[PDB]
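Asks: Handing you this structure, nothing more for now.
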Amino acid sequence: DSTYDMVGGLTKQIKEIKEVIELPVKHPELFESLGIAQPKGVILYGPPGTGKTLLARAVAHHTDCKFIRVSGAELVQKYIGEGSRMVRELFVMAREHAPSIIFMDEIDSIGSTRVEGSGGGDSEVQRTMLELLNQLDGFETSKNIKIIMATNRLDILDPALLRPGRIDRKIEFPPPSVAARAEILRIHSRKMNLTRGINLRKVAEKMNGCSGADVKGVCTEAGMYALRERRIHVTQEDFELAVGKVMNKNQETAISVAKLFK
Amino acid sequence: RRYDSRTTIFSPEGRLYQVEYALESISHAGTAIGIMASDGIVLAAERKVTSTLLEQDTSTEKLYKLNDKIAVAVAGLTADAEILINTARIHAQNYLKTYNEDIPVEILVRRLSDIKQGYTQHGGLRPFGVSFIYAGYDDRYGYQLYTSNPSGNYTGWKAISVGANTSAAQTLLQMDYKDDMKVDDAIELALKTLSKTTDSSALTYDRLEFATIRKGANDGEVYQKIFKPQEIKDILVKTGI
Amino acid sequence: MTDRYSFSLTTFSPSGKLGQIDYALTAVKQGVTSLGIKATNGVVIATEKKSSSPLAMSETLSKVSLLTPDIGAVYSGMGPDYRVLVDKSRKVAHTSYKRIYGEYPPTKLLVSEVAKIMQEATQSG
Amino acid sequence: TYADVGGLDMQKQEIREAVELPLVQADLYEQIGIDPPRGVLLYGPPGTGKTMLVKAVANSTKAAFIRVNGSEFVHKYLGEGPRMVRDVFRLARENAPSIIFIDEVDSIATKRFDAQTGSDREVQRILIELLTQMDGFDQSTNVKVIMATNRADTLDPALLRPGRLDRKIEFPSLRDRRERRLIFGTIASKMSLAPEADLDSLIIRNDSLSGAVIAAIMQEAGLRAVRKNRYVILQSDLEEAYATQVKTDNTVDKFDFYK
Amino acid sequence: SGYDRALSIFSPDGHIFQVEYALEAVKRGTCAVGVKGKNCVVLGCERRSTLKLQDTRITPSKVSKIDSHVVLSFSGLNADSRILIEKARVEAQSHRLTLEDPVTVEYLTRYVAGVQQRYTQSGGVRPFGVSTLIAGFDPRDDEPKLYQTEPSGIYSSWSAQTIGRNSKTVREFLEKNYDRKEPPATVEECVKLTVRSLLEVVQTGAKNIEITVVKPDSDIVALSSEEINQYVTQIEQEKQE
Amino acid sequence: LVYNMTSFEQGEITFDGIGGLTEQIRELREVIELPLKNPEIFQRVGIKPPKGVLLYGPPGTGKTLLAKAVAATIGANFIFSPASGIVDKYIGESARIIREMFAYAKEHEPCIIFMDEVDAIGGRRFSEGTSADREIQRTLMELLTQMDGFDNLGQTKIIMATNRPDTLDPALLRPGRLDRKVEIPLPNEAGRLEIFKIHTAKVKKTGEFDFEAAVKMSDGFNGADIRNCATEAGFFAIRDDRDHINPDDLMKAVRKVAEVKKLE
Amino acid sequence: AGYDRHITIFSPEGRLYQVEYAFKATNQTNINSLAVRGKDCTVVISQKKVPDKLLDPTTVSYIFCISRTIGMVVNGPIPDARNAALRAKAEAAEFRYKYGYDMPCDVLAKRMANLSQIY
Amino acid sequence: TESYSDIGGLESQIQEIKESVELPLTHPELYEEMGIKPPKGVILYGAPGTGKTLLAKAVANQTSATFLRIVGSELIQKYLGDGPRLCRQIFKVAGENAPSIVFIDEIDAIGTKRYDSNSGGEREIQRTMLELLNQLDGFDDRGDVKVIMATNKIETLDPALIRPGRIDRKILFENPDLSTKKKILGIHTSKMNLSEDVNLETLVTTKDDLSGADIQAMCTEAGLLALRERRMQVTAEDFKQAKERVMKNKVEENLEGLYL
Ligand SMILES: Nc1ncnc2c1ncn2[C@@H]1O[C@H](COP(=O)(O)OP(=O)(O)OP(=O)(O)O)[C@@H](O)[C@H]1O
Ligand SMILES: Nc1ncnc2c1ncn2[C@@H]1O[C@H](COP(=O)(O)OP(=O)(O)OP(=O)(O)O)[C@@H](O)[C@H]1O
Ligand SMILES: Nc1ncnc2c1ncn2[C@@H]1O[C@H](COP(=O)(O)OP(=O)(O)O)[C@@H](O)[C@H]1O
Ligand SMILES: Nc1ncnc2c1ncn2[C@@H]1O[C@H](COP(=O)(O)OP(=O)(O)O)[C@@H](O)[C@H]1O
């Protein structure tokens, strides 16, 4: 597992997660004294290679609650009318352990917007979890269960999912700023070696906002341009080499001279 | 059954989905900016492409001309844009030879817009997808600045923009504008926006062109100045990109 | 994997583009190569020809054509939509510019006329 | 095998270190301290010689190995595709250290448009069966993937990033003379041919060629002569052969179609 | 179904569709109210305060007179409204030409509807996504009157009426207050009647309104922005609690 | 058995008791029989034996009777896979069937295929319904990889019969395999009595000969014509309970039954 | 899906289909002709098939001597051919009366082909 | 578990279920006095975030009768012939436990047109939609069991069961008007401090195209947003930043501004 020292890149988002998670669990008395509501689960959208899933493995390392996972499309099933059974037999396993976070990495396979010409069992099992979150017995389930889901682009989905009453926050994980991009180098570099007379902010400012995970690719690749030569240690010019390269090909097919317009 | 295959059909929700599908076309186009201020009007531009082996140097694309008074800025399709200006350049002269004086700018756009309405209903024909800017000077209203829309409705603005990502550029203009600017407050303003909401980090002199109207004719009517490259590569370095 | 909007050329998609002009260009590629270079004193144009049957007198056809003594042209694409285009073009050089200005056109006021021969195709369905 | 392959002087190197070197030498990667890579991708047009290179690697890996072409995934009863996909990656980590090969994914690896169907919607979640495995909460350090495709510019960028495909590689075009001279010498030398050996007469031609067409011409030239009640050798009058490898003439849709 | 994608076919209930879909477009537009006193008419508008870049030197104007004893107001969409306004004022000055006599208001109102009848009947055509109304006085008399028009092509004569957003709140309101038992007499109560009528929509913004009234003897008069600002207050002056 | 006959490698129909050709059948003698007979040369050259063939042309030619027949000479298992009868509306399950047979063929030691009406595979894709036509290549493309993967056997031969050649131009699948593509004939007028000599045998008919038969067989040059004329000409000598044919019934038969064989 | 029942629609791969069907609809006669030059002359042959025995063979002909010093041999079905041979027998009045002299063959093909381009 | 005095808004909507369910147990002599028997059936349109399920659970609080718990997808089963038995089970037992109520929700899962498919599994729900019909009106009367079904979209769904005989009134909900946003806001906020800034008749206003459910998110999102400032009680501008947020991505009128 990984931890919060490694998810650097931000604090405003993560400082909003345990605004809903850690407080009701440890300290609902003020929130019962204030006695207003109970804010339930959360969604976090952003482009890929940004740290969505990363925050969700860390949090389990720093939760004290039980943390249930479902990966991509292990609920859609062959026979009929048991996908729902695979759902309602989930939450009942949660309420056994009253503090219970769940997690589902992606929903765009399940929770896509509905139609009639096609889309069968999947548009049904969505139509009962949507019940379980905020129904009669869902009010019972609504006590202590919390939910996290991590899409990529949310316009696809229904509103009913991200409708409040059950999704009270909709977090953005955008691609970072210079200093955010600059630090996570160190978070993927400190293992490396006594890097020799080096700067790393002068190179981040070269590479404008592309993504985060790409930065894990330049650092691992930079050592590899030093690994071939039995040069265990690390260079400067190997960095602005690689980052100047691996995004070139990403800027290779973007060109087009159709130009039926201006 | 959805209501888009022809532009002669209202929707049951009360709207004409084809026309919205034209007003979105300009989003593909290139930026255009105009500012109205004391001494005279200014305009800007940004070419959609800035490659090597094609000269955008002497060949203006975004800034045509309609008369020594009036000049415009253009967006959208190119084949459905020339014929408009090649109509406007006629209607003005056909207002001059009959009335022996110049054009009021309001009549032109009023006559140039209501034909785009003509290509909205009567016939199964395309509406001309174009978003002109109009810049010029008439005596009954002084300086002027209008804007078009391929529906056929116009608006008399102070300083606006169109094209790619204008919605952000307006936010970079709404709050950092002052009516008492002379010229160069609008320039470093204008060129600062395009620097912010571009596609790539070049900002080369070829990528953009400017223009001006000025009442500097001392009791003469008006002058124009469509800047060659040597007048605009020297000013941005003289302004601090 | 396109559908319902390449059927014609008078229906803007929600994305905001016209139907099959984008697809006309797809043949322009699939025609033979071509090129032309601007020098400081002259200009050049060139094409090959993959004459299908070698028995053809390849001299008869001409990729290149005349427009004036001073202007010349070439395509890269479909053939029979060229040999009519030129007669529809040089007919315009006379009636448009020449007989109301005396002498032959420059290039761009001869190219702008070619366009108005083109856009008249993409006007209807 | 390797020696059976011709002109892959560059491409041959990157995978025999992205696959073999780690399991034989990994302590030195971490002797820096970095995580090595997991996935690659091999994109170039067909006949350029990609599907056979892994088969060379199959002979020399001393690991496990799995063959699944992209059409094998789908079935009529939904839900079973992904569990088949889950059955793969669990089998891999079980018989670890192992790797995987796919010979085509363009039937899967696509752009994820806005679907309105069952077909186009069920194919997508198959792809999601990969992403949640290749980088989710449960990952490992023994699996590596060898994707493949005849072309790669459409499959979604969410698959294309580091962590997933740290090292993807190109392939040559069909008009690059150096290796062409290297292939004829390779393939012909594997068997017995004539002394009148006009092979430095064929390379020079402007024509574009693959590694697949070459297997055709040199075989079907070996056909016409062996067909001649002969024993070994191939006569220098294989001029039938090269010109017999002109399929553009055999395409009326490349002859009388657009015009 | 499929009965609603044209103008030349009937549903089995007997009613066409593309027309009353226009009534859904006009519902998406701004208010336009009118009232006649005993000897003076008024007209309103739900003008917008969009943004601080339209030139205050030229406010827009829904209203548009055609001759010195007739006006016109509308709601819906402006492009298709610009046309028939110009086919109207053209037609009136012709009636002065041919007959040496101004226009009876009823004759005018049957010309604008005389085009909204053909622009739906003959296909190859889209209707005018607009409802309008007429207001003014006949020559040589004080007889007040206003007429309404709608894209089906029919002309009525209300005494009070509105078109657009939350009209349903208003057309019931004036029924509760306005009535022929007591017809108003002069301006300051027809306006005090009207300025309060707008309030269902205006949400307390007075940069979002304009107004006009009518004279006999072929005159008019517009109105200021402070000359309502007091009337913003007398109407609120009653609203003490 | 489940699928097909497989001929037990010995059901010995006469590949020469037929009015077909000698050049083509001898063209096929190369690609099949010579290696399975004589591997001492392909070994000596190291070339791998051939990969399949196509036999275009419309019916009447007998483009399936020779196939199982020569297969009977060498003795392999003859089966079918008519692509018209292989397509299934579901997403997969057109490719599964492909995967069964290459496997199940290898369950047997030798086996050879006879695909027919394979244009169902090779379609022009003029509809371009990407929900479908994206799958049409999916099952097709699986053939290309299921057919020549690791299979280094000299037993598993392939045939594809395809009326209407060159209707397929999504892919001609030219390079590599299809080491022949036989220039199929039609039944020439000389071959008529070459054919009528076949079916007329095993009859006591007072001869029933004529040169007025190829003129009758002109434009009815399809093997079913002769099979059926000998059928119905056999039904006319019994039309009066006679004892032996007269050749006029043949001159009557082909003249009066090639009618349907020329109009529809 | 469309794309085939109309002429003026390009496929997304560029090639339209309807003319290609007409390029294929020439040989419904199973006829094959031949032409060959000389030193001052030229000749054209033509295969014939008159199977039924009630056709005066003299009038069946895919030949149409349009005017002096011109000839033409056709494929495709006969009726469309007459509809082309007529236009040839029309222009050769005009080019003579309008420009003075007789049409060369090359123009006559260039002219006629533009007409089938416009369709 | 909830009650009335927890909605406030829905009044034109709520008088019906009263007339269907809460009342006739009390004073059925009203209905018979005319010579009339009340509805057997109710339905609730969608327009989400407007309080559909909330209403149903309310009447459960005070009904003095047996009340049930179903969502549309518990009906369906796997063995291809046991689904439709299950429907007849729940209705006969309700008769055995009469007077009773049911509540089938999100039944767009079940209710669809006769799609005439080719799958093999999608058929076994259509029969399951059908015994219901044959049970509910069918052939024989059933007694005093009432339906309160719900959904989120009906404009092309729920084909034939929506008719009298089975359902009689169709309440519909939408996002509220300005007038209802007044009293509904008092509901949630009637436990907090509201230090002195109230001004609520401008806080909520038209062009705030929001729901009748987001408001409690706004209510609760503010308090902690003030708590983190170490101030438990609340002011106005606490709410202003909230409304700035939750409204942000509901709708955008970029296609508007044309009907000038
Ligand atoms: N800011 C960051 N901090 C730490 N790791 C990062 C950061 N940004 C990217 N990464 C790296 O990127 C990978 C995570 O990718 P990310 O979680 O953004 O995609 P994903 O959400 O898993 O995609 P999906 O969930 O849609 O399959 C990890 O390898 C992680 O180390
Ligand atoms: N008048 C109200 N007072 C308090 N809360 C309300 C009111 N109206 C709506 N709500 C909120 O709306 C939520 C219920 O929404 P709704 O009834 O639409 O759920 P549902 O019946 O499952 O329908 P959906 O599936 O669309 O959410 C409740 O959680 C409640 O907080
Ligand atoms: N360098 C080479 N030497 C010999 N044969 C080659 C070479 N490159 C490619 N080939 C031939 O091309 C075929 C591979 O085609 P390929 O492009 O890999 O298709 P795919 O990638 O879709 O499987 C092989 O069967 C092989 O015979
Ligand atoms: N060359 C031939 N000589 C004799 N009979 C033939 C010949 N060709 C075909 N036939 C007859 O036609 C039948 C075969 O039909 P065929 O044309 O092979 O159908 P398909 O073409 O669909 O395989 C055989 O039963 C045979 O009687």
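Numbers in chain H come straight from Swiss-Prot, and the residues shown are 178-437, in order.
Each residue, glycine too, has its Cβ placed from N, Cα and C.
The ATP binding site annotation in Swiss-Prot covers H:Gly223, H:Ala224, H:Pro225, H:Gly226, H:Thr227, H:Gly228, H:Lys229, H:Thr230 and rests on sequence analysis. According to Swiss-Prot, the ubiquitin cross-link annotation covers H:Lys234, H:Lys255, H:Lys290, on the basis of a large-scale study or a structure entry.
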Asks: Just counting, how many other CB atoms are there within 10 A of the CB of H:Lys234 (ubiquitin cross-link)?
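Replies: H:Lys234 (ubiquitin cross-link): 19 neighbouring Cβ atoms within 10 Å.
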Asks: Roughly how many angstrom lie between the C-alpha atoms of H:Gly228 (ATP binding site) and H:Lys255 (ubiquitin cross-link)?
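Replies: Approximately 33 Å lies between the Cα of H:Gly228 (ATP binding site) and that of H:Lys255 (ubiquitin cross-link).
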Asks: What is the separation, in Å, between the Cα atoms of H:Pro225 (ATP binding site) and H:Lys290 (ubiquitin cross-link)?
Replies: 22
Asks: Which three-state DSSP class does H:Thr227 (ATP binding site) fall into?
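Replies: Reduced to three states, the DSSP call for H:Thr227 (ATP binding site) is coil.
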Asks: Pick out which of the recorded positions H:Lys229, H:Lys255 has the most other Cβ atoms within 10 Å of its own Cβ.
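Replies: Of H:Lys229, H:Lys255, the one with the most crowded Cβ is H:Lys229.
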Asks: Under 8 Å Cβ to Cβ from H:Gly223 (ATP binding site), same chain, six or more residues apart: give me those in sequence order, or none if nothing qualifies.
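Replies: Same-chain residues close to H:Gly223 (ATP binding site) (Cβ under 8 Å, separated by 6 or more) are H:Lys229, H:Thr328, H:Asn329, H:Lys330, H:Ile331, H:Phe350.
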Asks: In the structure shown, with every protein chain counted, which of the binding-site residues H:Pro225, H:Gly228 has the densest set of Cβ atoms within 10 angstroms of its Cβ?
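Replies: Result for the most crowded candidate: H:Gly228.
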Asks: Within 8 Å of the Cβ centre of H:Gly223, H:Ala224, H:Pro225, H:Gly226, H:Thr227, H:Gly228, H:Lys229, H:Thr230, which other residues of the chain have their Cβ, at the recorded ATP site?
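Replies: What remains near the Cβ centre is H:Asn329, H:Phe350, H:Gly389, H:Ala390.
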Asks: Of all the binding-site residues given, namely H:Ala224, H:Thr227, H:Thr230, which is spatially nearest to H:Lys255 (ubiquitin cross-link) at the Cα level?
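Replies: Result for H:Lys255 (ubiquitin cross-link): the nearest of the binding-site residues is H:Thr230.
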Asks: Quick one: Cα separation, H:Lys290 (ubiquitin cross-link) versus H:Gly226 (ATP binding site), in Å?
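Replies: Just about 26 Å between their Cα atoms.
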Asks: Cα distance, H:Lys234 (ubiquitin cross-link) to H:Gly226 (ATP binding site), nearest Å?
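Replies: Checking the Cα atoms of H:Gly226 (ATP binding site) and H:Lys234 (ubiquitin cross-link) gives a distance of 16 Å.
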Asks: Taking the Cβ of H:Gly226 (ATP binding site) as centre, how many other Cβ atoms lie within 10 Å?
Replies: 19
Asks: Using a Cβ cut-off under 8 Å and a sequence separation of 6 or more, which residues in the same chain sit near H:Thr230 (ATP binding site)?
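Replies: Listed in sequence order: H:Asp282, H:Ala327.
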Asks: Among H:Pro225, H:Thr227, H:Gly228, H:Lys229, H:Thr230, H:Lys234, the recorded positions in the record, which have a C-beta under 6 A from ligand 2?
Replies: H:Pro225, H:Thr227, H:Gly228, H:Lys229, H:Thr230
Asks: Among the recorded positions listed here (H:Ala224, H:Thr227, H:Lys290), identify the one with the smallest other-Cβ count within 10 Å.
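Replies: Candidates: the recorded positions H:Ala224, H:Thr227, H:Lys290. Fewest Cβ atoms within 10 Å: H:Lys290.
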Asks: Whole-number Å distance between the CA of H:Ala224 (ATP binding site) and the CA of H:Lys234 (ubiquitin cross-link)?
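Replies: Pair distance, Cα basis, whole Å: 18 Å.
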Asks: Roughly how many Å lie between the Cα atoms of H:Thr227 (ATP binding site) and H:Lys234 (ubiquitin cross-link), rounded to a whole value?
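Replies: H:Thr227 (ATP binding site) to H:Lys234 (ubiquitin cross-link), Cα-Cα distance: 14 Å.
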Asks: With H, G and I counted as helix, E and B as strand and the rest as coil, say where DSSP puts H:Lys290 (ubiquitin cross-link).
Replies: coil
Asks: Short of 8 angstroms on C-beta distance to chain A, which of the listed recorded positions (H:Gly223, H:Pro225, H:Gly228, H:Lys229, H:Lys255, H:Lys290) are there?
Replies: H:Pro225, H:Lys255, H:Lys290
